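**Student:** Encoded as structure tokens, here's the structure I'll be asking about.
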Amino acid sequence: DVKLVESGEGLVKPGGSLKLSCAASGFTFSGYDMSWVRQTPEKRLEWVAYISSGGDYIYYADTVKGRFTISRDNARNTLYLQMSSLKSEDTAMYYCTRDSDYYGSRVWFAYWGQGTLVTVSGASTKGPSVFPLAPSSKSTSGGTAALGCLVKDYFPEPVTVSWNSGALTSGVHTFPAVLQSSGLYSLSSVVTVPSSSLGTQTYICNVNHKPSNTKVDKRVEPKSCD
Amino acid sequence: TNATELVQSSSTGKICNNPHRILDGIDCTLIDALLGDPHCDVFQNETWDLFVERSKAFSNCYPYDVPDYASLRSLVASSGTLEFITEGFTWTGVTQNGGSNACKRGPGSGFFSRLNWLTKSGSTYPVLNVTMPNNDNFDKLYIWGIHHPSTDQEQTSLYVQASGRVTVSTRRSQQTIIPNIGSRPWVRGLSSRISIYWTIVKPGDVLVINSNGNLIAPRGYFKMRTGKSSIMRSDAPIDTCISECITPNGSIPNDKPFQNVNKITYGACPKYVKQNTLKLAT
Amino acid sequence: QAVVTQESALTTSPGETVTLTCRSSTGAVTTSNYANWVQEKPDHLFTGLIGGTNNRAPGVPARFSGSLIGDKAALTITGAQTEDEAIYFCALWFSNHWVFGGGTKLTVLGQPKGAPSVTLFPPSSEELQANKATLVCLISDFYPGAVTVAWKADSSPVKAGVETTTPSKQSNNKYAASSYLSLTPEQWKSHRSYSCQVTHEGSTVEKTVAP
Ligand SMILES: *[C@@H]1O[C@H](CO)[C@@H](O[C@@H]2O[C@H](CO)[C@@H](O)[C@H](O)[C@H]2NC(C)=O)[C@H](O)[C@H]1NC(C)=O
Ligand SMILES: *[C@@H]1O[C@H](CO)[C@@H](O[C@@H]2O[C@H](CO)[C@@H](O)[C@H](O)[C@H]2NC(C)=O)[C@H](O)[C@H]1NC(C)=O
């Protein structure tokens, strides 16, 4: 049961820079060999860097040479990639890969990380303004009610939303974002809950848009004004 | 009435080191311990009744591959010992003890403990007219290799010949392997590789090795015996206890005539069966 | 050079036999290229399937097979399943380089046709008191990818303030999109008759939800 978990997604200006970490779990090393691979917004896959136990033998994406450095922390079991003098062409979601198994397998890139987004930006960032999506007054089919929050006018992706600190993990569905005409994204997430429990349990959007330091909880409730 | 169930559908979950000497090859294969990977040269001259391979086993010395691997690994598992006996070969003019940082042994460069990577000495690599006789009363297993370089320049830089060759002969055996030059993808760095072949010698017979390059020399031999030893792939923990047969799911009681947990067993065990339950009336 | 190519997309049926391919720009594909195949299921769930020319990864069932048919690399799924609906990239080893293809989108049919569940929310009143009001049409979990969305205001169609995007959710591998119309607090004032209607070809009829 191998797992690779990434971190460090954030927005950067041109010529700017970012460092990324991927926390490796479930296996003896930080990685036997490990490598960084990014997929452009055009969903093309380019390999970036590679490591040994201590970085032996060519590991260079010639288009990133002199700009990136890949490191591994053998003690804390961590993999790092700090890229500097960033270009438009580096905007991607970088994936944490540990190359595949022994003589029998020797498949490259079997185990992957879920990826973290790197955006080489320009001219400003913006923080979202969350608005609550209140429940209906009339009960159609009785049963349950549906409510959510609108993650409007944020840039760039992603915003991570949960509900009541993971206290609500099922019936919750956070939908993808829309790139609006303004170059901004806007997203929403909705959960469906029984009709009785609308004033006895209170529902809060744990949305955060981490590319900037944004984290705004917001409660959803009927507003009692026809 | 009452009833006898006869299918052992339950295991202890742990491997019990009695009455069988159980050797846990913690971080390596049997081959790593056989080749002499530096992090498992702890298993030097070890003996066993059941070797246990764990799933997280791994190799850190020079990237290699073994043609007929399963035959080799279980050939050593059946004699049940890694008893290596250095034989002190003479390698005239070819610079023994080559190592690199993929196999970092101690402070820096190292290599397989039981393998001798030869290079050029000065700026030459002569053709080796070696010989070594097995005149004793037991069969010798010789583990030797070949280097597949990553470029034509690598072949020249270490084994000046444009094309190398290794020939490990006996009066009954002959094996001539040629290194195909190619830059493989990186495994623990290097794009070069090593392929492992073996040569058993029976009493009186002689082992000779002719080579114009790319030879990965042996240092000695493993004394081979015939016994009840074997090997097992398992992640079941080892405890000090008693059970006479062992499964990959941990030890079994030998109480019942049949067993359901696994087809793979060791020792006097019940016979594997597909059944999920069988009650005989008493 | 070193540009690796493969078909843009494929489509097939369960039980059938598929064969995805991967080609070189440097000429003939050999074992010395060490064709590696990785499978991305949606929301960035990658899995390496075949490496080392034929070598199958541990958890991969034997139904997947890699080979060379001619001067090409290839990936064959003998006994395709609905489990195999994914995007399959390919990577070949050119000694200096290490490159990927564009990736093939595999579309397996047999997926149960999903009817879309349609829910709409009005602009929040805190959202109201600002310069901008946005209300939400949210369509949930339909399998057929194609879908058409129509906004109309007091029985009259509208556009040029709308934005929508395509829902390739892995959730139940059904598609579940969102719609936003963005009306100014004084442009949105043709009151009591705004809503969202979408048409799917899981449509027996197209569904409307009105506040
Ligand atoms: C275990 O392995 C070591 C090293 O290969 C063997 O050590 C040799 O033992 C002989 C006599 O037993 C000495 O003359 C040599 O100098 C030792 N070293 C080497 C490098 O050959 C040892 O014999 C093996 N068997 C044991 C310890 O039972
Ligand atoms: C090579 O070394 C051997 C070791 O003694 C020398 O002896 C001959 O070895 C060859 C095998 O290559 C045998 O066929 C001969 O029968 C050996 N000679 C005798 C008298 O038995 C040999 O002289 C060395 N050189 C060569 C060129 O073989």
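The numbers used for chain B are those of Swiss-Prot, and the residues that appear cover 53-334, in sequence.
Including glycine, each Cβ sits where the backbone N, Cα and C put it.
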**Student:** With reference to Swiss-Prot, specify which of the listed residues B:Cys80, B:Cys92, B:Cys155 is paired with B:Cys113 by a disulfide.
**Tutor:** B:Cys155
**Student:** Need the cross-check against Swiss-Prot: the disulphide partner of B:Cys80, picked from B:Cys92, B:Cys293.
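**Tutor:** In Swiss-Prot, B:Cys80 forms its disulfide bond with B:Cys92.
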**Student:** Determine, using Cα-Cα distances only, which of these recorded positions is closest to B:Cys297 (disulfide bond): B:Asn54, B:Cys80, B:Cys92, B:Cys113, B:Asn181.
**Tutor:** B:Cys80
**Student:** Tell me which residues of the chain lie with their Cβ under 8 angstroms from that of B:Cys293 (disulfide bond), as long as they are six or more apart in sequence?
**Tutor:** B:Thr64, B:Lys66, B:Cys68, B:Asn69, B:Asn70, B:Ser303
**Student:** Who sits close to B:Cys80 (disulfide bond): which same-chain residues at least 6 apart have their Cβ under 8 Å from its Cβ?
**Tutor:** B:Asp89, B:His91, B:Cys92, B:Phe95, B:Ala109, B:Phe110, B:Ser111
**Student:** C-alpha of B:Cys113 (disulfide bond) to C-alpha of B:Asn97 (N-linked glycosylation site): distance in Å?
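**Tutor:** B:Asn97 (N-linked glycosylation site) has its Cα 19 Å from the Cα of B:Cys113 (disulfide bond).
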**Student:** With B:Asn301 (N-linked glycosylation site) as the reference Cα, tell me which of the recorded positions B:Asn54, B:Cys155, B:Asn181 is the closest one.
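**Tutor:** For B:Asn301 (N-linked glycosylation site), the spatially nearest of the recorded positions is B:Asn54.
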**Student:** According to DSSP, which of helix, strand or coil covers B:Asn97 (N-linked glycosylation site)?
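**Tutor:** In the DSSP reduction, B:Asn97 (N-linked glycosylation site) maps to coil.
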